[PDB]
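The structure's right below; bear with me while I get my questions together.
Chain lettering (A, B, C, D, E, F, G and H) follows the sequence in which the chains are written, and residue indices restart at 1 in each chain.
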Amino acid sequence: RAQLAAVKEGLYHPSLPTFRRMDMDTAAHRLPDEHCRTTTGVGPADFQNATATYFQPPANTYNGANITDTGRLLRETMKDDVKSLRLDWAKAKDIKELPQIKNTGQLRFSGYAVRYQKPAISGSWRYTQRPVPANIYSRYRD
Amino acid sequence: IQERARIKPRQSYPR
Amino acid sequence: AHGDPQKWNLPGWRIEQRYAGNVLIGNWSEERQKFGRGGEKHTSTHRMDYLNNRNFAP
Amino acid sequence: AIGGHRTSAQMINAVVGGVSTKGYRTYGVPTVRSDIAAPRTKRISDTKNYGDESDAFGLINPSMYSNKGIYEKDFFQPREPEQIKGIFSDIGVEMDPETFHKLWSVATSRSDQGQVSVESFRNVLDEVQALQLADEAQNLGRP
Amino acid sequence: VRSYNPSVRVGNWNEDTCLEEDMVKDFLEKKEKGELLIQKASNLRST
Amino acid sequence: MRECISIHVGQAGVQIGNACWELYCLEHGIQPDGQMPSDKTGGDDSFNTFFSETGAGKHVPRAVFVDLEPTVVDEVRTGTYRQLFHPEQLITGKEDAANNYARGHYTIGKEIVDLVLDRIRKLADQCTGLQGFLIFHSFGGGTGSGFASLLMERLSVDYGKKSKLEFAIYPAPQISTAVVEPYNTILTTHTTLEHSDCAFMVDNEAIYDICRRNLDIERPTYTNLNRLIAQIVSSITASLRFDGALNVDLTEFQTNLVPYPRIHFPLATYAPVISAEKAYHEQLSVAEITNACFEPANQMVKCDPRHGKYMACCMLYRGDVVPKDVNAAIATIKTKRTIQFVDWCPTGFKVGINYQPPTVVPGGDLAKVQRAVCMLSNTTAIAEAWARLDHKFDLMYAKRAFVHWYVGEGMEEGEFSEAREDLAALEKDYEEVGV
Amino acid sequence: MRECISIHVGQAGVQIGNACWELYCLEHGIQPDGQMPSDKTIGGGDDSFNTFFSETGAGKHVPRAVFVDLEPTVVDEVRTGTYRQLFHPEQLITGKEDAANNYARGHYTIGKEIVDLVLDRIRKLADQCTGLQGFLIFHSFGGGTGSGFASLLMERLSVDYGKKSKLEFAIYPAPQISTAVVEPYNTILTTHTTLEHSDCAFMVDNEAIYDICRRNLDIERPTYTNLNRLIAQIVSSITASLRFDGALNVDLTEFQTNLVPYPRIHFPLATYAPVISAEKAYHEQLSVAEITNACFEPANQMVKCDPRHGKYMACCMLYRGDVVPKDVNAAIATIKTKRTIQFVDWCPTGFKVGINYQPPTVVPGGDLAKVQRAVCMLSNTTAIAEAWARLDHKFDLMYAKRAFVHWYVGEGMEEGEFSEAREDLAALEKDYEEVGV
Amino acid sequence: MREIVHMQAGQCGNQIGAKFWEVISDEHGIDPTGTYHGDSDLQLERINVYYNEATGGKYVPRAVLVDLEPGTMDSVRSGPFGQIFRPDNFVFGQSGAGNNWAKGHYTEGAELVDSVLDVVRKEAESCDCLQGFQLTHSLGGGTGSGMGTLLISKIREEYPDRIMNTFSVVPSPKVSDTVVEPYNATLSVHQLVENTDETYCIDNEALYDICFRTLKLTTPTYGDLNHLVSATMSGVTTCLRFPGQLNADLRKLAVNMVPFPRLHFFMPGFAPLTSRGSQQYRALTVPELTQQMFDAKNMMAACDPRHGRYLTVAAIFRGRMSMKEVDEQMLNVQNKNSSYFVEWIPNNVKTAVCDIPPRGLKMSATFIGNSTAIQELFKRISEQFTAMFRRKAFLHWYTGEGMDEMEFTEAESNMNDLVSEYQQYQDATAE
């Protein structure tokens, strides 16, 4: 379908051929529009969602952030001034992974800490190897 | 998958 | 095969009593079928190697 | 003839798309005895691996769930609804009974034969929170 | 030969962290005294 | 990456390969018209050892069915699997060798051996990671004696270092169809012993006995037997196509069972072999199914291992099996005193384990067992099996019976005695090494 | 302004032009109808449109290109493809019948009926232009329109305009791979003409790009489309300094004054790095030192001539992306202290560096990964004499028996031009030997 | 818009022309009515190479139908794709040549030549570029052998600049099928060597061998013989009408095949060729296509190609394929069979890849070989000619229609000169 040069912008790959589809392509003499090594059918949003965080890396990170006196003062001062600010929880259009719950808008619970792992990672026990986003994409697709 | 205990940094000499 | 004096003893160019198509004597494995016309659709290399890239912010 | 005309090489019949021996019966016992009853008090003898114990990852590098008690049984025990409500109220989730009944209904729709364990309630509570935060990131910008 | 993140204590990390600390100090100075272009643009949009 | 090409010689070979490839299509999920069923086709790639792919999802097998009578190959070409095999790999002749080693090796062989070698060459050029050749012939008489040995000669002169495993249907001590069968067996083992790599012996009477003791079958024909050798070869080359624990290759498979170049004749058994009715009232654990492979009344060749010593043993476990009770079973097998291992081989257990459970044939006779063991023994108990056919050869050749056919064919008389001397030397080699 | 006019002559020229203008439209954000997106064009800067395209008044951006071929199939493919509304539909000039890989047919019979039209079109493009930096002539040496008509076009351009940078991008035959029989004849005849009527001339080799695609891109079965992708990437790396801002900008005049030591040695060597692809691309760091080593690797040469058997003259290093002159000079110091690369004795300093801020633009439906750093080698080496000498050996073997000469005789030029061209290339050998020693 | 005008002369010429105009009718997609029942625009992009335009969208072929007797002409009119030809392009004679070169070239053929040239000139002036004239005829006959050569000479005098290529059915070594085949072969080769630009020389015995060994087919008949000829004819002019990668027209082909003017006798070949049971199992690959072209069993000329050299070779590939694969395969075949190739031409194999293969197939190729082994046909025909001529048998009709023995003798001498010219490069050295 689409080649990796247009869709793959990270190290991770959710639909890796695993060393055996490449021999099919080379033995069937496939041009690099049907080759598995060069072309895939994943999509550009799935490469972005292939991470296992549902948070956003801050591009360039604050390198020290714990070892400097400035790090300690910015830890101490805005500790009570950041609880009002929200988190960036990916995009609802981009995520085709969360289950469809109909109401979702008038039912609220107050005291909860957001777990770092994705809820689909956490709920891999109910679908019967260690769960990875490659398994997640291979399961919530096709 | 479930999360492990934290890495305690061994604060030996405080301020 | 040019001259090749065996080609008059290969099953081509031999006189043979031809039985029916349901009798296993000659070339029945081929004469029980037909020639193929598998219609795979084809275009030029310019019409599907140079495509219209929608949006594509640089 | 009195019989048919099978030449006994036609006895080789089984092809895919026919009979379909998928879910018949798998004879023998598995290595992990996940079908027979689990012991509340295991024998001094009887090394049988009833689905308890763990892997070497779970023993060498255990979660601190597994440390100082609470193993995987306490998370998939079927549990009572008022017991789950009391547990999560003691944790301090602070939901009203309407939202609790809605979450319980969703959890018992996901899990068959009723049940709803504390892990299943935690998973659906993660799904709802992730949906709410994704809707906030949907209708708002990128702060 | 290979280069790492300044959080990795392999190369020039000490004075790289010092330079980053000085830039962060300047950024927090502009943040507290309100000459950041983001704050000026946001105030313009709001008012 | 892994490929292996199967060559089926003789009527026995073609029928046993029909039952083999039916099981293979069932195991990999391939319809008789080569297509994946119900367009399911996640990313399963475990057919490369036995199936190619041309262009339209048409998985052809890597098999060359050769014969000199048209009958059984024509049965294949008119049967239900006519849309799977390649029609120029389904190679047949016009005049049958008719239980004659001389006619199958000197007159009718050297008319079609060139075409079948060209087809094997085309398959070898098509594959890129070839591991070896699985040649499904029978000793018997005619094509399986002469043409199979001709294939060994004209294949070992060309390929060489590729492994050349040779499945052979060894004739029973008392049950035997052909009369000139001892002649053909001696003349084919003399010419295949030098050019072969690992010749597995399978015996019809022992398969009959295991099908009567186990299973429930009172009337076992060749269909059940050939399905059992199909299960044998699937348990052999499961590790090439499926992953898991310790996996055996062709080279790892063959350099362990063969101590000396003379001794390359192992025995192949498989002992979860019980049907559904008996399998309901048992638990099939690894220790007792390992113990079942060493029973004298469980073997697939009619020779008891009591009168001999084990040189090498290959344990091919399959399915829900862990390497812990494998260790326990092998240690208790070694410490059981009825089994006598040879003194120069203290460590003699090549163990491989595959995760894939065995597949059951719909409408078959075996059950859906969780586990499988393939026991590949190399006892010296086959020395008496060789010596009894040497006795048949001596009795037949003493009065020069049935030799005028070989004389009238373009064959010289004295290599009967040359083959008999070679087999006497082989039996002397067994007696020399077994001490 | 620093406008450049592209002249794509021959089938190879117009296909390379298709790939090159796709790359240009994608990296300047031009839709394939000449229009900007009209909602994200609010961001100014990037005076690159004025360099390689031109206004039509309202909002359409037509390119400064002339596509010529004597046979109307590939040009008609351009006219009926996706890049149909982009080009002005008379700069896609086509003839009636091809030259049919005949230098005589391209230079005497068919060229002198359409060359007046193509100089009329070039004249109108130059009158539209203001500050023309030069022409970029894209063709193949294989024969026909790319040899005879190309050589006569360059003759007429050098006669008419004069003192302009006539850059060549020519497809040279491989030592073993060729798609024609009279290709040695056509190459000798076109090199005799293009030696004295052109500035700097890059010569790409199809077998070399096949080797690059099979080794680094892991494309076991590449195509002319992918070859054109790599060649277009080289062209964009060359012309990025005329378009995007950079730390050190090298244009065509600095380029020629830094790469050409003597007027007959305008034959540099092209090499682009990194050329690794997608899966084995993001597990590395892609440092300036390692991409410079990749360019200086003799196997990465895109001409199929070993620079080890020879001596370098001057290397032009065009870096693209977030590249700093700090580690650029670090990498150059490592190359200079590496003894395998030998420079000629009369060129002590021999590196011309040009750093551009724009990273290469990844093309969808392409084989190159989205990298942040890249570099183009444009080194000049005495190792092109091996390729010329292989060409002379093939020409001597074919011309000893006087084969295929009768078409050239009957379609114009006499038999003496073959000897004149062979003597010209032998003199070029003799001169390259002097410059090497 | 490089037009090709088709001329089919003689019974065999008409019978292969009808099959050709069926093949390139259902290649573009054209019903026997005349309209366009197609799907793609690449089909009716370059329809003008072989078809004109009518009022209702009908596409009339640019062909003429030459024979000295109504017969096979009315047969190909009555058969399928017979109502597509224009009725004006149906010129026919009165008596028939009687497979006689004299009656075809001097006595009876010469009267119809005026009408044939009038029709040909009308169809020629109805063009715009007019690349060439292609002629299918019947060396060994009387209408294709004599009056076809009359057409060749007259149209070469009329237009001595365009392509004039002849497809030609030469006599077979074995079989027989006509007793005056040596006369009608020598007396036609004598003008084919001088007045044509390239001649293809297809053989019925070679097509029989191709059908038996490669395509099985049991009884092939003349329809299946003509269909391979039509496939090769559609292959050799692929790039004129279908766009794609690196192209080659007939002028390009002539320049890259013939080194010397009197060396234009080719050995053609079409080599995707699956049996009737191997169509679903043969993986069409470029190396296997190259192997099937360069195998000696797939030459449509009955001369054995490995008893000689391979002076020049064409590829003419059709379908999406890798140019690196094509170039490595056709360098590898040269490096393998370097014995069967002349040393004084380095890399004498031309490649030309077009995009669209024939419908129903994914990849195809059309071999063209200018080889030194074509001298065997001329040597055998000369042997038969001198065997018939040393006792003057079957010569009285040739004499009585008006012809001297000196043009028999000079035709034999010119054929021997051609034999010696090919023999010169049969075993030539370099230095």
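The rule is simple: a contact is a pair of C-beta atoms (placed from the backbone, for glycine too) under 8 Å apart; a residue touches a chain by one contact, two chains touch by 3 or more.
Undergrad: If each hop has to land on a touching chain, what is the smallest number of hops from chain B to chain F?
TA: Minimal hop count between chain B and chain F: 2.
Undergrad: Starting from the mean Cα coordinates of chain B and chain D, work out the distance between those two points in Å.
TA: About 33 Å, centre to centre.
Undergrad: With centres defined as the mean C-alpha position, give me the chain C-chain E separation in Å.
TA: Here the centre of chain E sits 70 Å away from the centre of chain C.
Undergrad: Taking each chain's centre as the mean position of its Cα atoms, how many Å separate chain B from chain G?
TA: 60
Undergrad: Go ahead and note the Å separation of the Cα centroids belonging to chain F and chain H.
TA: One centre to the other, that is 56 Å.
Undergrad: Which positions in chain F are in touch with at least two other chains?
TA: As it turns out, chain F has residues touching two or more other chains at 52, 54-56, 87.
Undergrad: Mind pulling the residue numbers of chain A that touch at least two other chains?
TA: In chain A, 26, 28-29, 31, 33, 122 touch at least two other chains.
Undergrad: All pairs of touching chains, please: list them by chain label.
TA: Per the contact definition above, the touching pairs are A-B, A-D, A-E, A-F, A-G, A-H, B-D, C-F, C-G, C-H, D-F, E-G, F-H, G-H.
Undergrad: Can you name the residues of chain C that touch chain F in the complex?
TA: Within the complex, chain C touches chain F at residues 24, 29-30, 38.
Undergrad: Enumerate the contact residues on chain F facing chain C in the complex.
TA: So the residues of chain F touching chain C come out as 56, 70, 74, 77-78, 87.
Undergrad: Provide the residue numbers of chain C that touch chain G in the complex, in ascending order.
TA: Those in contact with chain G are residues 44-47, 49-53, 55-58.
Undergrad: Quick one: in the complex, what on chain G touches chain C?
TA: It is residues 18-19, 22, 26-29, 32, 37, 40, 74, 77-78, 81-83, 223, 225, 361, 364-365 of chain G that touch chain C.
Undergrad: Could you please specify the touching residues of chain D with respect to chain B in the complex?
TA: Listed in rising order, the residues are 61-65, 67.
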